[PDB]
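This report refers to the structure that appears directly beneath it.
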Amino acid sequence: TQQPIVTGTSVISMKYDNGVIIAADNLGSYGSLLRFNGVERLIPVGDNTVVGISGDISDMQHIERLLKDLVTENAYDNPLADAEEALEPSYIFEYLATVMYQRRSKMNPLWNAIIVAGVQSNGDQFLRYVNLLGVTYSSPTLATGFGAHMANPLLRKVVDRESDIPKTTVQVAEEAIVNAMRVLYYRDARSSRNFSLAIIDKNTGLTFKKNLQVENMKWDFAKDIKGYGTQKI
Amino acid sequence: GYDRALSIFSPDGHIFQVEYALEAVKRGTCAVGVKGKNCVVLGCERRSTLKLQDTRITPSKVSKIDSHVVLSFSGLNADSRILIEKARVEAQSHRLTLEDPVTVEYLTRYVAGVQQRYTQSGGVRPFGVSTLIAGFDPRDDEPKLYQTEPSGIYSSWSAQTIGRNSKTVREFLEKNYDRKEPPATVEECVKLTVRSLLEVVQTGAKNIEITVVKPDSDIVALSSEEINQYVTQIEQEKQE
Amino acid sequence: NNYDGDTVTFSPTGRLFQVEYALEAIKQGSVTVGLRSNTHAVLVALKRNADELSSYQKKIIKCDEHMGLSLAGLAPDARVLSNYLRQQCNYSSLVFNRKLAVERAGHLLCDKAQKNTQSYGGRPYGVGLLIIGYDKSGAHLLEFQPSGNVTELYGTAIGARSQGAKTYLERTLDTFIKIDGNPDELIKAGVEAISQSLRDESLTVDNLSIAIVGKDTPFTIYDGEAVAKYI
Amino acid sequence: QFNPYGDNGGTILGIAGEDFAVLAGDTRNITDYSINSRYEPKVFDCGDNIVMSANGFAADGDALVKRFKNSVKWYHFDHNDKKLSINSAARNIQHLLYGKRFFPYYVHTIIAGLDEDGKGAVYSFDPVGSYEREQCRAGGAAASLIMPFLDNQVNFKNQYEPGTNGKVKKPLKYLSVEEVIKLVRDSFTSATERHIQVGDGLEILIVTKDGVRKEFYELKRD
Amino acid sequence: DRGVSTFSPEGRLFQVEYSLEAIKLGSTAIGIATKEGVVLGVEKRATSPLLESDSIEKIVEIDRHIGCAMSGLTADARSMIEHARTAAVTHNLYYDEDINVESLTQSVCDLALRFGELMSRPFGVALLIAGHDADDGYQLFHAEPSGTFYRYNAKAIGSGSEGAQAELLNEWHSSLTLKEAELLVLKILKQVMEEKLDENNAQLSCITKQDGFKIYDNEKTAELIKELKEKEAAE
Amino acid sequence: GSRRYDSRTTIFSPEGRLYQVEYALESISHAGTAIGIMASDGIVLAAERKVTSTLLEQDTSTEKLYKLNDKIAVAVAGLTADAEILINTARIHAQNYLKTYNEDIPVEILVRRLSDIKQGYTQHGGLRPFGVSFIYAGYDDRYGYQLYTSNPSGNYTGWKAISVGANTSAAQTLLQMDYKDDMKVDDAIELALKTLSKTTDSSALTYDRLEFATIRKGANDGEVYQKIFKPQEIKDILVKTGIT
Amino acid sequence: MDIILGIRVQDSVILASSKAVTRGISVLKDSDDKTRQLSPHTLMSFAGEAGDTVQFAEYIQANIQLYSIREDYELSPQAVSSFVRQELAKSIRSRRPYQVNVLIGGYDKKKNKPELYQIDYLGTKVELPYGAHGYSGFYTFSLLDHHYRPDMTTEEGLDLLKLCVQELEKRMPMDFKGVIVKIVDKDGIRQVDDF
Amino acid sequence: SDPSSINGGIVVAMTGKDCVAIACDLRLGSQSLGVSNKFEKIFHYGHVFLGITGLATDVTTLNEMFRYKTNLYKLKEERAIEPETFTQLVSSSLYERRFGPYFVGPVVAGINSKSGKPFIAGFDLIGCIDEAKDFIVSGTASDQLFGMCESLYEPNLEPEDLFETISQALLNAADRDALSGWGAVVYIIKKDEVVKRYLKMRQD
Amino acid sequence: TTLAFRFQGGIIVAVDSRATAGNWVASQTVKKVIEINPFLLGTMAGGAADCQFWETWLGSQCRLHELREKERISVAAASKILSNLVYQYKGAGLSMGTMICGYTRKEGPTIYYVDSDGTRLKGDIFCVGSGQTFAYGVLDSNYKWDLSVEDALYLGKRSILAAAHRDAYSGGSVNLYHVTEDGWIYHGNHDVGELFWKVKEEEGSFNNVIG
Ligand SMILES: [Mg+2]
């Protein structure tokens, strides 16, 4: 049993026709909404998987090491480590899922919500969620914390069902993710303007974008808002 | 802990440590068990090379395991104490869980199981002890007499002997004990037990111990004078 | 001589005699054959009976849906090592949702066998194994020896008079390696191979034991009337 | 303080026919007032013609189904590929559940298949492994909405023969697979209307001597 | 001395081979499997006439559907029987069914090689495990201290085994009735036994699907001994 | 491995004897003689010190006679160091019994437990047995005055008079000859010394080569006194019996 | 498990123990014997937490019966009470302590004197002419303080007990369904058939 | 549920001229209920006297424990333990149970057989030593005993006088405590004689 | 509601079939009698899993006794195996109310009450569960030792019906058993729905309900 001290906010993701997108802001937050910036919450594992982590930063850095440790271990006595016997998103997820559930069952959890985004060897898009309780689920759109409340509704307008994934392009999916990140910046007190976005495409491979900023924000209308009801000036 | 396998097989398929344990029994003072119609008697030899003994306090050769079961033995005296203690503990443990005293067969099967365990456990030698276990099952009038030996085999006997010159006293019992008609009374059974020991003992003075067990926890040890009367009677009848 | 008392003692020429004696138990064992193409991997085993009233000792053990072995030597030791493989195949599935690679299976058997050749009190394993499997890199055949030496092969044989079958496979190599998408023909080549290790006795219905794994074929064992086709 | 349990909602339904059995579940996974997934199956083919669902805390449910599937695998290895009878599977699951009596799996379990006479069987368990064979059982969030309907429409409870002055009961009889699937579909659409945690999709696994067939049907997504 | 788990130059375990010599010294035990049931018979071999023969338990019940006959250092069998009974009852508790005869045998044989430097030496006793199950029907197994077991249509173990096994080779066919098998066990026991066969120094048992495992009364065995003598005199 | 260097201290000979027990008894036979004599009104313990030196501090020395509690003493024959291990165990067992039952430990119970510890070293553990034989002199309210002996085998027996260590064969013949049942403590003192005086390997038996102790009811009304004799008190009793 | 009384008279010890066993709102049994014979001349009555009482009593019974066989000797009431106290004194600093109170009545054949010991669940031993556990002593101690004499006969002791039971049946809220009475003297342990 | 005041009772120890005195009440109760009026709280191991107040099970247990330890001391050392040394042994034995303590207030009294110096000491439940020239007090009426002792006591009292002072200190303290009284015992300890007197006091 | 009573003709055992989770009726078809062996019965009250698991386990322990001792276990020994087991678990939160009923030649007909506090009681009459008081009311009022087998069976059935009616956490059906020297005999499952109205009409009882 523990209490999270420094935490990361929402991780958002969705599937498109040829792969998956995942994004997360670069902020750590203290007790009374105190801010800290300069935290990367997207962990690339190989060139086919990205692991987005929210919750306790200390537990996130432990999981970061476990994944780095996993890649090293997979290479050991493996001639096909960079080919047929390379780590898959499904393998990396199941490992993390196993750890999260046995940690909760020892009443010493890793205080995190994790989304594993990747493309399998056969080109199938992989997107699955696991959290501190070891609860797991998959969906065309996945988000943690505030993202579940605000990002999912927006992303589900693009991909509401499985049959919508082939009709969704990377251009459309990226726009949807980038828009959703701005909405989280508007409305989440623990969010930041700076965020990272990763695209895993079966044709074009893994594209990792850092030091992205929320742009085209609407604030102009604020000047016209005076008092809380009756104030005219 | 000390792990060494002391009891192991030999090329000829024998376990020498178990067989050498039987030699220790053969060296032990003679013990005889004779079961009658409504009683069992346990006769035991005491070597007469020990004078200035305090018979009051000296460990007796026949041990009560419960109020209705007795154990005699031939072999290492020190080893016998460990089997008697374990048996006495198991007797009270059976009463506590089954709410009934042990059967003679059960108490035997337990002691035999302990003896067996010491023949294939690391770091231990077998018990240098064979036991005669006699008594009456609860609410039963059928006399019971069992024998155990270092290997861990046990079996039921109409009459049986163990220890030094046991082959001589077994010879006697084999022709003097009738299966179809066992000793009807206590006197008859005690007499046949004393007679069988007098083939081996030397003198019938403070060299013979007799213990009579009857149904419903009725166990009594005979004194010198009581045993001496049987010796006097047998010797007078012999001279014919 | 003086250096064969235990597995913790080297000989003056640098030999481990207790291991070499364990290796001897395999030569006394009944013959088993292993061979593979690019699509399928086959185990053929000659089962041994105590007498005509007795059953024929089962030589082939399934480890997962995609992997199993045949044994030659101490059967109980095969049970211990096959049970260990079953657990390692199982651990790979439960934890990583990943079918254990045949190569890793080899590495794990090697490292388990080795510990029993360096520790006082323990003894070497007295059995040789032929592991076949189909994983992400296609068909595989392994040869395990209780020294710990594991080897990946196109084909091989272990047990009494195994040299006959091993010579045949060495000659046939170029033929049977290209038997792709034809199970029956690859088994026929395995049955003709084990036939080179027979003396007086021939292959009967309750004598022969065959197992196969491949692209769209789970590890299945054929015994009794199911192997009558290949006699 | 850390709370090791959660509620992932959902509801499941098992019905036993003469020569068949069905195990149905909604495909919605929730936490509090959020939808995690609109399609997350929780009814699984476990092999040997046994279908299983552990509804409640999804982590405990996944763990138990994983362990039972493994129990079936090791039953084959240890007993010469012998088929695990539904009654044997049920007793095995009691031990899996009671194993964690003092840290329970927070789920309600239902298995369906055929008994050794080829007749439809449904077994239902509590979290700590008390079990019972039943013609009919609903489990999870909307169990309270579905179960009385099944008492009425499957076991014909509180139905009497018209004109017999409520003296002669409506006679019990086996329902066809077609008639059972109708009751399942209506049971779930009814539960979808009145229970916020039930909806999105309905997945039915039908078990006959021929094997395990699947049917999917859309439910309201509100 | 030398290690307990040592291999010989021939590739056998010394202690296992030596235990097989102990089993040859044991009293004879015979098992015959038929489509009507499995018969188990033993030589009691009392060391003295005062020993009450009925107290010699060399045929033992494991469950209702599985019997057991032993030969060798019979004391060693007590813990093997305890394990078999526990395995049979435990499996019934876990799976609500009878446990397969093969699976029970495999469980007993898993003790065999759990010795070294676990217990100090191998078991000095062989078991004939006879039973019935729904899958493979009436079965007879021979469980050695090597950890190996064979299924047998018929099998003899103990002092007279090599002589008895040669006799079972000729006499056994697939169409044997239960009555025929009983007489055949008694016939072959009387051939290899030192003392003359009667109802006191020999014991019969069987396992049938209907009545399960039953140890025959001395009165019942006596009639089969009397029936055996008459039929051999008849031709 | 280590199997090569294991003496196997707990195995049977082909004749069914325990090697290490037999060899331990051989060790004890070379130790200074200890005699126990039990009278109607007390017990005598007499022991011979092993070839004393003139510069050995005699008065503040304890080799042979040790106190277990207020009612039980032991005479030692064998390795002193081995005896002290067992004596400290016996002293604790006695206090454990007193703590549990609020009664002084009956003599036999203390003897049986100490004998059971020795037994263990012969059946398991792979250690050498204790090279020690004890004469237990004690009093309890059940059996009154009691003499026992234990040896490395863990076997114990009761005695009216007994010797352990050197020349027991000779010592036991002399005791068997002069001992009677209606004997007093003063008479038993004279017997113990006369027996040592004849069995001793020394030229003449002197105070400086002896340890002596009595367990009497010499204190007022139904209570037992343990008297471990001083050098001067041995010198006096040696002149009074007319040995010097 | 409520009422256990004990009176030590001239030549005997009398134990009286309530017959009622109450679980929840129901009286399950009205003939319950809350005593175990430890040895032929030593009796122990008990009261406290359900299960613990019988489990503790039988455990003590087994240990004393074991001592009796091993030594072929009856342990004195003082010795048995000291053993029982030490077992409870261990219990109180256990993971789950025995919540049992006991009276030990015995006749010491060596001293030819009756002895009554009161031990609570903490292992608080005391020797008394008369004793009780729980709320029983609230009424009986004042009555015994008045009427008790050291030189009383067994009949006198039974009459003084009737006076205690009558007071309890009048002023106690629970129906304890009467008492089983047992006398411990030189001849051993007998039960008063009618009370 | 305060272990130190379930059973109740008091001990007081005082020094005089070439003598010490230790005294205790005889009450054992179960809170309000008086159970025994014969529960002595003063034990002696040779010439060293120990009084123990507090939880009665622990009073009995510690008596049995110190009897055990002093019996083994005497056998090994070949002499009776002295007060100064016994004090250290009580302190050692209590602090061994630091986080699971005996709920007791022990008091040591006696004369050193070598120096002839009167010695008293008190302890808390975890074995802290209070060594005092004048007097030591323990139990449920400790406050009352502190008041009586601090006013009544003077140094170098003769045995006959010291008896009166300690007796009056105990009796008047016990009469102002509900869980103390029911009789009292006073030990007067000289170099080579010890007199034990039972006091007549109110039985309420 | 479960009961068992001793009479001239042996033992009568009667139980209901209802399971509840709070106010939710979980089942009406629970088997609250464990068969164990042909001369031994166990009743279940409290936690369904606790009772079902451990009384099934008791049946295994009783089978092992009979294989080892070549004798059927006594009701005393069988009851003490279960009471000793629960005592090990005491304070862990096991919830069990139980009656071990059987005949053996040496004991005769015997009933033992065993609960998760560790209580083990021998007695002639016992009622266990939430509805025990309702059952006791009917049983104690009409109980005679010299009841006929037919009358005893009816009284057991009637006493459960009484509790099924008044107790919210009792109902479904009545399961009836008769235990003799020959063994236990099942006397059928009686749905309270049909039974109630039959009993009302024939007995002229249950005047409190609409009639
Ligand atoms: Mg007062």
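All positions are counted from 1 along the displayed chain.
Every residue, even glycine, has its Cβ placed from backbone N, Cα and C.
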Quick one: which of F:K67, F:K99, F:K227 has ubiquitin cross-link in Swiss-Prot?
F:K99
Per-residue Cβ crowding (10 Å cut-off), top of recorded sites F:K99, F:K198, F:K230
F:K99
Are any of the recorded sites F:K99, F:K198, F:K230 near chain H, where near means a Cβ under 8 Å from a Cβ there, and if so which?
F:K99
Work out how many Å separate F:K198 (ubiquitin cross-link) and F:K230 (ubiquitin cross-link) at their Cα atoms, rounded off.
23
Fill in the CA-CA distance, F:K230 (ubiquitin cross-link) to F:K99 (ubiquitin cross-link), as an integer in Å.
32
Per DSSP, to which secondary structure element type does F:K198 (ubiquitin cross-link) belong, with helix, strand and coil as the options?
helix
DSSP three-state assignment (helix, strand or coil) for F:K230 (ubiquitin cross-link)
coil
